[PDB]
Amino acid sequence: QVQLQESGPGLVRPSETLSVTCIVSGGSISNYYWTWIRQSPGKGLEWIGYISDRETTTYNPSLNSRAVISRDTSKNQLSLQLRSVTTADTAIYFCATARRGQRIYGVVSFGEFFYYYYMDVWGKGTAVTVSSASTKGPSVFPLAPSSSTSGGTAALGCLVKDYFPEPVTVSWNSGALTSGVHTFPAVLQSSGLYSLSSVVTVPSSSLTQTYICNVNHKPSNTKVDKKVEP
Amino acid sequence: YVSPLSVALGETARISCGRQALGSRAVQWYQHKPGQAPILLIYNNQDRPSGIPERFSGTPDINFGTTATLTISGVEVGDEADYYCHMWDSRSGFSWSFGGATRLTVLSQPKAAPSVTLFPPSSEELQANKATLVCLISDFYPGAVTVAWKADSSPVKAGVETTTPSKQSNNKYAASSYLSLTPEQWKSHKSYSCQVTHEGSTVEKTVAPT
Amino acid sequence: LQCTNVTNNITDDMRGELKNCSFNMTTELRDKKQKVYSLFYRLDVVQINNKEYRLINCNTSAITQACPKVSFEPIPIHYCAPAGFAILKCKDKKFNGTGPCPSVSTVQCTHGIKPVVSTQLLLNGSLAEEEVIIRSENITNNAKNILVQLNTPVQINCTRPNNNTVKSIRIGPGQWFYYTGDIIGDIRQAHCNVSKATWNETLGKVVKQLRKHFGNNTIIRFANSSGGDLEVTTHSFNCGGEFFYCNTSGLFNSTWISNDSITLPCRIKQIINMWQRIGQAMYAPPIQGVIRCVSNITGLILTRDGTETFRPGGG
Amino acid sequence: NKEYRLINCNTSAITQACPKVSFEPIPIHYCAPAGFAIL
Ligand SMILES: *[C@@H]1O[C@H](CO)[C@@H](O[C@@H]2O[C@H](CO)[C@@H](O[C@@H]3O[C@H](CO[C@H]4O[C@H](CO[C@H]5O[C@H](CO)[C@@H](O)[C@H](O)[C@@H]5O[C@H]5O[C@H](CO)[C@@H](O)[C@H](O)[C@@H]5O)[C@@H](O)[C@H](O[C@H]5O[C@H](CO)[C@@H](O)[C@H](O)[C@@H]5O)[C@@H]4O)[C@@H](O)[C@H](O[C@H]4O[C@H](CO)[C@@H](O)[C@H](O)[C@@H]4O[C@H]4O[C@H](CO)[C@@H](O)[C@H](O)[C@@H]4O[C@H]4O[C@H](CO)[C@@H](O)[C@H](O)[C@@H]4O)[C@@H]3O)[C@H](O)[C@H]2NC(C)=O)[C@H](O)[C@H]1NC(C)=O
Ligand SMILES: *[C@@H]1O[C@H](CO)[C@@H](O[C@@H]2O[C@H](CO)[C@@H](O[C@@H]3O[C@H](CO)[C@@H](O)[C@H](O)[C@@H]3O)[C@H](O)[C@H]2NC(C)=O)[C@H](O)[C@H]1NC(C)=O
Ligand SMILES: *[C@@H]1O[C@H](CO)[C@@H](O[C@@H]2O[C@H](CO)[C@@H](O)[C@H](O)[C@H]2NC(C)=O)[C@H](O)[C@H]1NC(C)=O
Ligand SMILES: *[C@@H]1O[C@H](CO)[C@@H](O[C@@H]2O[C@H](CO)[C@@H](O)[C@H](O)[C@H]2NC(C)=O)[C@H](O)[C@H]1NC(C)=O
Ligand SMILES: *[C@@H]1O[C@H](CO)[C@@H](O[C@@H]2O[C@H](CO)[C@@H](O)[C@H](O)[C@H]2NC(C)=O)[C@H](O)[C@H]1NC(C)=O
Ligand SMILES: *[C@@H]1O[C@H](CO)[C@@H](O)[C@H](O)[C@H]1NC(C)=O
Ligand SMILES: *[C@@H]1O[C@H](CO)[C@@H](O)[C@H](O)[C@H]1NC(C)=O
Ligand SMILES: *[C@@H]1O[C@H](CO)[C@@H](O)[C@H](O)[C@H]1NC(C)=O
Ligand SMILES: *[C@@H]1O[C@H](CO)[C@@H](O)[C@H](O)[C@H]1NC(C)=O
Ligand SMILES: *[C@@H]1O[C@H](CO)[C@@H](O)[C@H](O)[C@H]1NC(C)=O
Ligand SMILES: *[C@@H]1O[C@H](CO)[C@@H](O)[C@H](O)[C@H]1NC(C)=O
Ligand SMILES: *[C@@H]1O[C@H](CO)[C@@H](O)[C@H](O)[C@H]1NC(C)=O
Ligand SMILES: *[C@@H]1O[C@H](CO)[C@@H](O)[C@H](O)[C@H]1NC(C)=O
Ligand SMILES: *[C@@H]1O[C@H](CO)[C@@H](O)[C@H](O)[C@H]1NC(C)=O
């Protein structure tokens, strides 16, 4: 019944204060626990910290010298700040709601129990990259059909030329066309920039339907609508 | 790091958890797809949240000595993901790091011939004095392919940038290859052929300037 | 000794309660040595000051361990008189302990008597047939301990759940020591239960007879021990082979006016000195497995202070 | 190597006999007290 939505800058300079915000739409933020996890490439995911319903924070000892988590009361959101970030803090950050359970194996009076936490509901996740290179806007070039198979089914697409950084969101007809669409993973050119391509398979009898590809690059604040035609 | 496991399609699997407990435990089993939102399957050894199918189960520690194994009945293609085993016990303190990632693999999937499409450089990109031939491969399995470029008959071997295969929503794989060239070299050679070798099969796509 | 905590990994509370100690020790050959480790309870070692430690008995006494075959469990003893002598048994159920007994019988031997060495609570003793009997030399003297005898025994359940292990190490030619090897499973606290309602009822019937020598209106209360040696201020006894010392503040904590079960935390010793002469110390070899003993508390050793307060003890 | 050790070290403690007592057996006459007899 709870929907989480992460929002972050995507690119931060080294030795700064990374800030991300998790928007919650399900329920109140003062009833369940909340936590932040990060997935770095080439490593297992790391638990970095959590905030309780009574507004008490705990942090992972490896990054406790640099991390802080806050919870907004008026807005159903929870923010995470990280001071003095380096090249190792690049990761996909997920916000998750958490429930506190205590597992007991003996007498209540003696103690002999410990609290265990579990994160049932997660957010979609926001990618955060750390680099000193500046932001670049993507160049969009329409890859026209070859007029490809024997006849009916044919392929067209849009080429997102070198940009920085990931990700690039590609849609078609502002989301009207969904059949046969396929977006491919980007490639890191030797220039240090990512390039991708997104294709659609449509019948040749339909070829004009005025297919417009909409590319959104959030770090560069670029919304480019490009037309394709033979 | 990550440790591999191989299970047949439709058979039951028992995922073993590392760093097993020293006392009473309330383990957690998490399913994480690469880049997506992780979803836990188990929060208390037996308990599962509403919506999780009955195929996944975890072993309770009814008597001290039992290990935590994630049992999956009727393994399908969608179950292929990383599995983290968060361990909480009495003798140990606050467990920060999650369990070692368990790369589940579902063998005996139906192989797919690669769907290949070759795109020549666009007119607007040629207007910018650059060319990038784009060879896209979709809907193929297994995700192990080799890409070769051919200028007429001689191989190119230069300016090629290829990505490792990555899964798509069809549970098949998708990959792209970019050949960066000057417009003069693009118009020089007659036609350019992208060859994709998948297992023993090979598919060639040729495109030429107009 | 070079000693460390066993890392509870939880809040650093009872880490010293049980401690991992490594040290060098002699072997069967005179010229060689062997470095080994063991587990010592907190009560058997004292610091030096670093993490260095030493046994409690070194500065005060010589130490010898018990042979692991003899059992410390008491068995009935019948004491007898030779020819020309007899034992006079008084069968009066309300015998104050002193004075003339009207119904007397004669025997050659007493009944079966178990030598249970206990403190503040008499364990596995004889039961009064009616009421509860209060005995003392000079009851009006606070310097004379009060012996309370019950008619309804109160059951006590004592346990150490630590699954300990023994490690045989050769000290010398023909000498095998028994150290505490490791703890299998959880590390918990040894403790004793007693049913709360039965204890309340027996305390009530004790105070009703206490009022027979102090007045119906005078208010008396029960508190823990006032101080002294360890063996006096605690419920000290021998369970399963190992020596338990249980804090008794949870028993004598009630004030009685004119007109579920409780648990008591227990610590464990194995270096024990004799209650008569200090200068001889015995090491109790550790007992494997989980220790659990059920006993009958049947008597009390109370001390008056001089309204009135009663504090247990008797060393 | 040529290192050795006594047989009794791993099993028992060892004491030597005093060199004045002789292990040569001498006759023993076993007897019964008053009120008893040997058949
Ligand atoms: C001397 O005096 C002493 C003091 O008087 C006395 O001390 C006593 O010692 C004994 C042992 O030495 C102690 O017994 C222990 O008790 C533990 C606690 O048990 C209680 O709690 C559980 C869990 O409660 C949660 O779940 C239920 C639903 O199941 C909810 O309704 C609860 O509200 C709660 O859930 C919420 O709250 C949690 C906390 O806030 C949250 O975390 C959670 O998310 C929720 O919000 C109850 O299930 C128990 O009920 C059972 O007992 C009642 C009677 O009380 C009966 O009607 C019936 O039998 C119930 O089943 C109880 O209320 C136990 O956990 C512990 O046993 C576990 O540990 C041992 C040792 O490791 C294991 O070997 C054993 O197998 C047990 O593990 C099971 O349980 C855990 C917990 O879930 C599982 O993770 C585990 O996999 C396993 O589950 C299996 O069995 C389950 C059933 O048992 C089954 O449901 C599962 O599906 C699975 O198959 C141990 O028994 C006792 O507490 C001491 N006394 C006191 C007062 O503390 C001593 O005995 C005296 N004598 C001496 C020393 O000689
Ligand atoms: C008061 O008397 C009772 C019995 O009259 C004592 O309880 C006895 O305690 C001993 C030692 O804990 C028990 O011995 C054990 O028996 C089990 C049986 O399975 C055996 O496996 C063990 O190896 C060990 O020998 C004994 O059974 C137990 N008696 C009964 C009837 O349960 C109690 O210890 C006495 N109290 C004091 C303070 O001495
Ligand atoms: C604890 O007290 C009870 C009650 O006095 C004892 O149970 C009695 O034991 C005697 C001797 O074995 C029997 O003749 C009685 O019939 C028993 N009565 C009941 C009600 O059980 C018990 O033996 C005592 N236990 C210890 C260890 O002293
Ligand atoms: C205490 O630990 C010992 C082992 O150190 C346990 O002994 C095992 O008991 C089971 C019972 O079925 C046997 O199958 C094993 O072979 C035993 N192990 C050894 C090494 O002998 C014992 O069960 C433990 N006790 C408790 C109460 O936990
Ligand atoms: C001490 O332990 C004994 C036995 O472990 C307990 O006596 C048992 O009480 C239950 C009541 O539910 C009976 O069903 C059993 O038959 C009893 N056992 C025996 C051997 O008689 C006793 O209650 C415990 N005392 C405390 C204070 O916990
Ligand atoms: C054990 O931990 C306690 C916790 O404060 C500490 O005071 C003590 O010095 C520690 N002892 C050893 C031997 O580490
Ligand atoms: C045993 O003797 C050696 C001598 O080099 C010493 O270094 C070591 O600390 C001793 N053992 C302990 C536990 O102190
Ligand atoms: C031995 O050391 C303990 C440690 O405090 C001390 O209490 C005791 O009085 C000492 N005994 C002697 C004879 O010095
Ligand atoms: C004990 O009772 C007898 C019975 O008369 C009495 O003579 C004696 O004084 C009493 N002693 C104490 C200490 O109560
Ligand atoms: C009992 O003690 C009191 C004072 O403590 C004393 O006056 C009295 O004489 C004592 N009783 C006997 C019989 O000596
Ligand atoms: C105390 O109460 C008893 C009732 O059992 C009564 O016989 C006795 O006379 C009372 N004592 C006094 C001093 O009133
Ligand atoms: C016994 O317990 C009480 C409270 O439960 C505590 O105040 C007291 O200090 C304890 N005694 C000892 C010797 O630990
Ligand atoms: C002792 O009694 C007082 C008064 O009822 C209570 O507050 C306290 O918790 C008790 N302590 C113990 C150890 O029973
Ligand atoms: C001592 O050594 C001898 C040499 O073979 C061996 O037979 C014997 O079993 C050993 N004794 C012990 C107690 O290991």
# chains A, B, ... in the order shown; residues from 1 in each chain; ligands from 1
>>> residues_near_ligand(ligand="ligand 7", cutoff="7 Å", atoms="only C-alpha atoms and all ligand atoms", output="PyMOL selection string")
chain C and resi 1-2+22-24+35
>>> write_last_selection(atoms="C-alpha atoms", output="tab-separated table (two decimals), in the first residue's frame")
chain	number	residue	atom	x	y	z
C	1	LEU	CA	47.76	-15.10	32.61
C	2	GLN	CA	47.00	-13.23	29.38
C	22	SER	CA	46.06	-18.14	27.63
C	23	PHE	CA	49.28	-19.00	29.44
C	24	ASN	CA	52.42	-21.13	29.45
C	35	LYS	CA	51.22	-22.76	25.77
>>> interface_residues(of="chain C", to="chain A", cutoff="10 Å", atoms="only C-alpha atoms", output="VMD selection string")
chain C and resid 10 186 to 189 191 263 265
>>> residues_near_ligand(ligand="ligand 4", cutoff="7 Å", atoms="only C-alpha atoms and all ligand atoms", output="list in words")
residues 163, 165, 184, 185, 289 and 290 of chain C
>>> interface_residues(of="chain D", to="chain C", cutoff="9 Å", atoms="only C-alpha atoms", output="MDAnalysis selection string")
chainID D and resid 5 8:14
>>> residues_near_ligand(ligand="ligand 9", cutoff="12 Å", atoms="only C-alpha atoms and all ligand atoms", output="PDB file with C-alpha atoms, in the first residue's frame")
ATOM      1  CA  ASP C  92       7.720 -33.766  70.221  1.00  0.00           C
ATOM      2  CA  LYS C  94       6.593 -28.504  68.868  1.00  0.00           C
ATOM      3  CA  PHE C  95      10.081 -28.887  70.343  1.00  0.00           C
ATOM      4  CA  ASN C  96      11.716 -25.483  70.847  1.00  0.00           C
ATOM      5  CA  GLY C  97      15.163 -27.107  70.691  1.00  0.00           C
ATOM      6  CA  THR C  98      15.808 -26.710  74.427  1.00  0.00           C
ATOM      7  CA  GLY C  99      14.306 -28.041  77.625  1.00  0.00           C
ATOM      8  CA  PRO C 100      12.377 -31.107  78.781  1.00  0.00           C
ATOM      9  CA  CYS C 101      10.829 -33.452  76.164  1.00  0.00           C
ATOM     10  CA  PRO C 102       7.866 -35.507  77.446  1.00  0.00           C
ATOM     11  CA  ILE C 133       9.355 -24.049  64.277  1.00  0.00           C
ATOM     12  CA  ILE C 134      11.682 -21.208  65.287  1.00  0.00           C
ATOM     13  CA  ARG C 135      14.841 -22.071  67.229  1.00  0.00           C
ATOM     14  CA  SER C 136      17.620 -19.949  68.716  1.00  0.00           C
ATOM     15  CA  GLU C 137      19.798 -20.039  71.823  1.00  0.00           C
ATOM     16  CA  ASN C 138      18.821 -16.512  72.914  1.00  0.00           C
ATOM     17  CA  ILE C 139      16.070 -15.334  70.551  1.00  0.00           C
ATOM     18  CA  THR C 140      16.230 -11.928  72.254  1.00  0.00           C
ATOM     19  CA  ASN C 141      19.905 -11.721  71.181  1.00  0.00           C
ATOM     20  CA  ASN C 142      20.538 -10.444  67.664  1.00  0.00           C
ATOM     21  CA  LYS C 144      22.475 -15.550  67.624  1.00  0.00           C
ATOM     22  CA  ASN C 145      21.223 -16.825  64.283  1.00  0.00           C
ATOM     23  CA  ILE C 146      17.588 -17.887  63.925  1.00  0.00           C
ATOM     24  CA  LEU C 147      16.920 -21.351  62.493  1.00  0.00           C
ATOM     25  CA  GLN C 209       5.131 -17.817  64.246  1.00  0.00           C
ATOM     26  CA  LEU C 210       7.717 -15.027  64.431  1.00  0.00           C
ATOM     27  CA  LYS C 212       4.732 -15.498  68.808  1.00  0.00           C
ATOM     28  CA  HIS C 213       8.003 -14.127  70.247  1.00  0.00           C
ATOM     29  CA  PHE C 214       7.826 -10.457  69.177  1.00  0.00           C
TER      30      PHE C 214
END
>>> residues_around(residues="residue C:77", least_positions_apart="5", cutoff="10 Å", atoms="only C-alpha atoms", output="ChimeraX atom specification")
/C:109-115
>>> closest_atom_pairs(of="chain A", to="chain B", cutoff="7 Å", atoms="only C-alpha atoms", output="Markdown table")
| residue | atom | partner | partner_atom | distance |
| --- | --- | --- | --- | --- |
| A:43 | CA | B:1 | CA | 6.2 |
| A:44 | CA | B:1 | CA | 5.9 |
| A:46 | CA | B:97 | CA | 6.1 |
| A:47 | CA | B:96 | CA | 6.1 |
| A:60 | CA | B:96 | CA | 6.7 |
| A:103 | CA | B:26 | CA | 6.5 |
| A:105 | CA | B:24 | CA | 6.3 |
| A:113 | CA | B:90 | CA | 6.8 |
| A:114 | CA | B:90 | CA | 6.4 |
| A:116 | CA | B:88 | CA | 6.3 |
| A:118 | CA | B:43 | CA | 5.8 |
| A:120 | CA | B:40 | CA | 6.0 |
| A:122 | CA | B:37 | CA | 6.2 |
| A:123 | CA | B:37 | CA | 6.0 |
| A:124 | CA | B:37 | CA | 4.8 |
| A:125 | CA | B:37 | CA | 6.3 |
| A:141 | CA | B:124 | CA | 6.2 |
| A:142 | CA | B:122 | CA | 6.4 |
| A:143 | CA | B:122 | CA | 5.6 |
| A:184 | CA | B:174 | CA | 6.3 |
| A:185 | CA | B:175 | CA | 6.7 |
| A:187 | CA | B:163 | CA | 5.8 |
| A:189 | CA | B:161 | CA | 6.7 |
>>> residues_near_ligand(ligand="ligand 6", cutoff="12 Å", atoms="only C-alpha atoms and all ligand atoms", output="number ranges by chain")
C: 1-22, 39-42, 45-53
